[PDB]
Every structure is written in structure tokens, then in C-alpha cells.
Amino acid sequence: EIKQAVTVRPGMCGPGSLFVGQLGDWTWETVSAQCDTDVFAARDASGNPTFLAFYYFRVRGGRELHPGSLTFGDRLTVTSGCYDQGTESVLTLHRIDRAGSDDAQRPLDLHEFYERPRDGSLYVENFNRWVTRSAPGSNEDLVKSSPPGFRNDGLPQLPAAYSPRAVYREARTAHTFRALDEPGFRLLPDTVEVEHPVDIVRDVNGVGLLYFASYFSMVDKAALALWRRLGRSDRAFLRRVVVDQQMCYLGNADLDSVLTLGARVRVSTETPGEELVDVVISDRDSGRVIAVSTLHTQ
């Protein structure tokens, strides 16, 4: 496992997608270190660039520590490592604690991540799958790969129960990561449906796909539209606390697409100001759901 001391920089915090962007770069580094392949320059046998695409992404914090807690110069301890998911994919976990936290030097513990998460630590799960394009300049119909050098044989095992697959399968079906039958919540009747042309000035990565962190900005763009429709103020929006968020990346899209962003919310009937917001990103033209996200806020 990889432990690092991190002081929070402008390029990894704030109300945008910079933190999630840093998290994914750490993911690519941690896999490179544990899987004997340079993930950044990865190509298949043929010479085709192969990308370790984000597929399932979770960030879980709490009141004591969440992404909105991080400010310039915060001292953090980050512990990272991969878990075996076979030859075509890999799960990467990252734990973040405030430096000099009680027990901050803890090693990665699957039981802690999946069943006993502590208020005051941030837990990150990135389930990634190697992909290539099926055709130059197309971002649709990407094809599963495994770069020749990729080695999952050194990695620790994950037990069947902690499988990200069961998690994301259920989310693609239900369009939420939190079952509608969860007790202690009531749906609100206002929803929103926003058109979003791909933003080529902002949304595009260095290999001409939609950048994984842009999905989090698109999701927040929908949350904002629904926030506003509820009457609420730009100001209180920036005060929103996100204690948990899950994202499934079902597809990418060509750079001329017009996407649709739909959002709904359930309000706690147990705690005031606790809310579960569901966002679905569709590419209506290809009949594809390309993303689903649930956000647990306060």
C-alpha cells in the first residue's frame, strides 16, 4: 500500500470537480505501482491506446470530514491500494484522514471501508475497466481490453460481498444507488430535466473523450437546476454538505452530443435538511443512459 502526506492544493478542492480529478490521478498512479504497467501510456498489443476508464466511483465522508471540508493547506494522510477484480478491471481504494488524526497510520481495511466507515475519514472507491475505441474519433461502443503488461496476480482479494459489480448493476436498473423503498425518506414532486450540449472548452480530456471528472460537474449542474427550482439560493447551494456520493459511468459520448440531465430528490422524514438527490445523464440520440449518480447531502 501507498501512504502519502498531502497538503491540500488549489487544484484538488472547492465546490467544482477538482478533488475527484485528483482522486482519479491517484488511482492511475496506484495501479501503475501495484500492477507492473505504466497506466498513463498504456496500449494494447496492436499499438492502440488503452484507457483505465472510471466505471464506478464512490466518495463517502460525513459531518466530521467531507470534500467541502478541505481548504488550502489542510494536512492530510492518504493511504491507497488495489484489489483484484481479474484481468480486465481493478478496484482502487483511497482512505483520507486529517494528518495527526487518531490512528491515521491504519492500513487499508476492507471491513472498515465496506461495513464500519468512521466519521472523520473519507473513503474513496474507484472501480476501473480497461477500454479502447472501436473506431478513431468515436467515443461510442468502446471495447474491453487488458494492456499486455497488466498484472493482477500480486493484488489482494476482495470477498464476493464487497463486489462493486452488484452495486453498479443495481444502480443501472434502479437509477439510484439508494433503493426507493428505503424507509425514512419521502420523495419531493419537483424534478428537473436539463439539456447540456457537450462543453468542448471544459468537458474534454487529453485523449478526446469526456473527462471523468466532468460527469461530476454535469451532475452538480443538474443538482443546481433542481436546487434553484425548489426556490433556493446560489449561496446555500455552496453550503451543501455531501456526506456520500456514488457515480456509474455507463458510457462516453461524441463531442457534438447534446445530453440530458434529469434530477429528483427525497427529503428525510427523520432529520431536517437531509436529502438524497438522483441524477441520470442520458444521450437521448443513441438511446443510452451514460451516467447515474446519487448524492446524500445535508
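So that there is no doubt, residue numbering starts at 1 and follows the sequence shown.
Asks: Going by the average Cα B-factor in the PDB entry, point out whether 158-166 or 187-195 comes out higher.
Replies: 187-195 has the higher mean C-alpha B-factor.
Asks: Taking the recorded C-alpha temperature factors, which stretch has the higher mean, 83-91 or 207-215?
Replies: Here the higher of the two C-alpha B-factor means belongs to 83-91.
Asks: Per the entry, which of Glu182, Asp220, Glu112, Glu140 tops the list for Cα B factor?
Replies: That would be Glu182, according to the entry.
Asks: Identify, among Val59, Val39, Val267, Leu261, the residue whose C-alpha carries the highest B-factor in the deposited PDB entry.
Replies: Going by the entry's C-alpha B-factors, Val267 comes out highest.
Asks: Which third of the chain holds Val243 when residues are ordered by C-alpha B factor: lowest, middle or highest?
Replies: As the PDB entry reports it, the C-alpha B-factor of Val243 lands in the middle third of its chain.
Asks: Ranking every modelled residue in this chain by its Cα temperature factor as given in the entry, which third contains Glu274?
Replies: Top third by C-alpha B-factor.
Asks: For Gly47, return the chain-relative third of its C-alpha B-factor as stated in the PDB record: lowest, middle or highest.
Replies: Highest third of the chain for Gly47's C-alpha B-factor.
Asks: Please place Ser233 in the lowest, middle or highest third of its chain by C-alpha B factor as given in the entry.
Replies: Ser233: CA B-factor falls in the highest third of its chain.
Asks: Would the CA B-factor of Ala104 place it in the lowest, middle or highest third of its chain?
Replies: Highest third of the chain for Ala104's C-alpha B-factor.
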